[PDB]
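J.: So that you have it, the file is input26.cif, and it contains mmCIF, C-alpha atoms and all ligand atoms; chains and numbers go by the auth columns:
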```
data_protein
loop_
_atom_site.group_PDB
_atom_site.id
_atom_site.type_symbol
_atom_site.label_atom_id
_atom_site.label_comp_id
_atom_site.label_asym_id
_atom_site.label_seq_id
_atom_site.Cartn_x
_atom_site.Cartn_y
_atom_site.Cartn_z
_atom_site.B_iso_or_equiv
_atom_site.auth_seq_id
_atom_site.auth_asym_id
ATOM 1 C CA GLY A 1 -2.998 5.310 7.082 0.00 1 G
ATOM 2 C CA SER A 2 -4.421 2.258 8.838 0.00 2 G
ATOM 3 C CA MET A 3 -7.642 2.400 10.855 0.00 3 G
ATOM 4 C CA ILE A 4 -8.584 -1.190 11.687 0.00 4 G
ATOM 5 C CA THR A 5 -11.763 -1.886 13.655 0.00 5 G
ATOM 6 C CA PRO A 6 -13.143 -4.844 15.651 0.00 6 G
ATOM 7 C CA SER A 7 -15.764 -7.319 14.436 0.00 7 G
ATOM 8 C CA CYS A 8 -17.711 -8.113 17.606 0.00 8 G
ATOM 9 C CA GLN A 9 -20.530 -6.659 19.706 0.00 9 G
ATOM 10 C CA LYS A 10 -21.820 -6.731 23.283 0.00 10 G
ATOM 11 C CA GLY A 11 -19.571 -7.638 26.198 0.00 11 G
ATOM 12 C CA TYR A 12 -17.830 -10.008 23.798 0.00 12 G
ATOM 13 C CA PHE A 13 -14.667 -8.951 21.969 0.00 13 G
ATOM 14 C CA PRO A 14 -12.586 -10.075 18.960 0.00 14 G
ATOM 15 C CA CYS A 15 -9.547 -12.281 19.557 0.00 15 G
ATOM 16 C CA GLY A 16 -6.974 -9.612 18.756 0.00 16 G
ATOM 17 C CA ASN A 17 -6.607 -10.072 15.006 0.00 17 G
ATOM 18 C CA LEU A 18 -8.382 -13.424 14.716 0.00 18 G
ATOM 19 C CA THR A 19 -12.072 -13.763 13.862 0.00 19 G
ATOM 20 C CA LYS A 20 -12.990 -15.347 17.196 0.00 20 G
ATOM 21 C CA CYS A 21 -15.166 -13.753 19.878 0.00 21 G
ATOM 22 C CA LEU A 22 -14.713 -14.305 23.614 0.00 22 G
ATOM 23 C CA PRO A 23 -17.277 -13.789 26.410 0.00 23 G
ATOM 24 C CA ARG A 24 -17.398 -10.777 28.728 0.00 24 G
ATOM 25 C CA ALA A 25 -16.392 -12.975 31.664 0.00 25 G
ATOM 26 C CA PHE A 26 -13.020 -13.389 29.955 0.00 26 G
ATOM 27 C CA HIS A 27 -11.990 -10.327 31.963 0.00 27 G
ATOM 28 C CA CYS A 28 -9.502 -11.890 34.380 0.00 28 G
ATOM 29 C CA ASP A 29 -10.756 -15.474 34.616 0.00 29 G
ATOM 30 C CA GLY A 30 -7.658 -17.396 35.654 0.00 30 G
ATOM 31 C CA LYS A 31 -6.060 -18.621 32.435 0.00 31 G
ATOM 32 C CA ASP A 32 -5.863 -18.125 28.669 0.00 32 G
ATOM 33 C CA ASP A 33 -9.229 -17.986 26.903 0.00 33 G
ATOM 34 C CA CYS A 34 -8.183 -17.376 23.297 0.00 34 G
ATOM 35 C CA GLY A 35 -4.933 -19.267 22.798 0.00 35 G
ATOM 36 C CA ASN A 36 -3.246 -16.803 20.455 0.00 36 G
ATOM 37 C CA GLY A 37 -2.074 -14.355 23.102 0.00 37 G
ATOM 38 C CA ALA A 38 -4.548 -11.476 23.058 0.00 38 G
ATOM 39 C CA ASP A 39 -7.328 -12.075 25.584 0.00 39 G
ATOM 40 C CA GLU A 40 -4.619 -12.574 28.207 0.00 40 G
ATOM 41 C CA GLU A 41 -4.167 -8.797 28.217 0.00 41 G
ATOM 42 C CA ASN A 42 -6.352 -6.475 30.294 0.00 42 G
ATOM 43 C CA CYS A 43 -5.160 -8.430 33.332 0.00 43 G
ATOM 44 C CA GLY A 44 -1.508 -7.483 33.722 0.00 44 G
HETATM 45 CA CA CA B . -7.512 -14.254 30.110 0.00 101 P
#
```
Mind turning this structure into structure tokens?

T.:
Amino acid sequence: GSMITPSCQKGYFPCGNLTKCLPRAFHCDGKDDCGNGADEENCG
């Protein structure tokens, strides 16, 4: 049993597993926003 949850609010979202939070505009901007390989998703 493993039910992990995020640690961010509003349009912002947690950097996958990291403790970083990206803006809502991150949604398909043009390039990486996090740097770990998580925010890249949600854009193909
Ligand atoms: Ca991105």

J.: Which residue, G:25, G:30, G:38, G:43, has the smallest gap to residue G:12 when you use all atoms listed in the file?

T.: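 Using all atoms listed in the file, the shortest distance to residue G:12 belongs to G:25.
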
J.: Once you count only C-alpha atoms and all ligand atoms, which residues end up within 10 Å of ligand CA 101 (chain P), and could you hand them over as a PyMOL selection string?

T.: chain G and resi 22+25-35+37-44

J.: Go ahead and write the selection's residues with C-alpha atoms as a PDB file, in the frame of the given file.

T.:
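Written output follows (out_29.pdb):
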```
ATOM      1  CA  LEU G  22     -14.713 -14.305  23.614  1.00  0.00           C
ATOM      2  CA  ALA G  25     -16.392 -12.975  31.664  1.00  0.00           C
ATOM      3  CA  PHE G  26     -13.020 -13.389  29.955  1.00  0.00           C
ATOM      4  CA  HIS G  27     -11.990 -10.327  31.963  1.00  0.00           C
ATOM      5  CA  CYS G  28      -9.502 -11.890  34.380  1.00  0.00           C
ATOM      6  CA  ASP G  29     -10.756 -15.474  34.616  1.00  0.00           C
ATOM      7  CA  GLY G  30      -7.658 -17.396  35.654  1.00  0.00           C
ATOM      8  CA  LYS G  31      -6.060 -18.621  32.435  1.00  0.00           C
ATOM      9  CA  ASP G  32      -5.863 -18.125  28.669  1.00  0.00           C
ATOM     10  CA  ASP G  33      -9.229 -17.986  26.903  1.00  0.00           C
ATOM     11  CA  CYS G  34      -8.183 -17.376  23.297  1.00  0.00           C
ATOM     12  CA  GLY G  35      -4.933 -19.267  22.798  1.00  0.00           C
ATOM     13  CA  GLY G  37      -2.074 -14.355  23.102  1.00  0.00           C
ATOM     14  CA  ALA G  38      -4.548 -11.476  23.058  1.00  0.00           C
ATOM     15  CA  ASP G  39      -7.328 -12.075  25.584  1.00  0.00           C
ATOM     16  CA  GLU G  40      -4.619 -12.574  28.207  1.00  0.00           C
ATOM     17  CA  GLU G  41      -4.167  -8.797  28.217  1.00  0.00           C
ATOM     18  CA  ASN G  42      -6.352  -6.475  30.294  1.00  0.00           C
ATOM     19  CA  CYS G  43      -5.160  -8.430  33.332  1.00  0.00           C
ATOM     20  CA  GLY G  44      -1.508  -7.483  33.722  1.00  0.00           C
TER      21      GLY G  44
END
```

J.: Which residues match the PyMOL selection byres (((chain G and resi 9-11) around 9) and not hetatm) in the file above, as a PyMOL selection string?

T.: chain G and resi 6-8+12-14+21-25

J.: What are the centre and edge lengths in Å, to one decimal, of the axis-aligned box around all listed atoms of stretch 20-35 of chain G with 3 Å added on each side, as AutoDock Vina command-line options?

T.:
```
--center_x -11.2 --center_y -14.8 --center_z 26.4 --size_x 18.5 --size_y 14.9 --size_z 24.5
```

J.: Distance cut-off 8 Å, centre (-9.5, -7.3, 14.5) in file coordinates, counting all atoms listed in the file: which residues qualify? Return them as a list in words.

T.: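 The residues near that point, listed by chain and number, are residues 4, 5, 6, 7, 14, 15, 16, 17, 18 and 19 of chain G.
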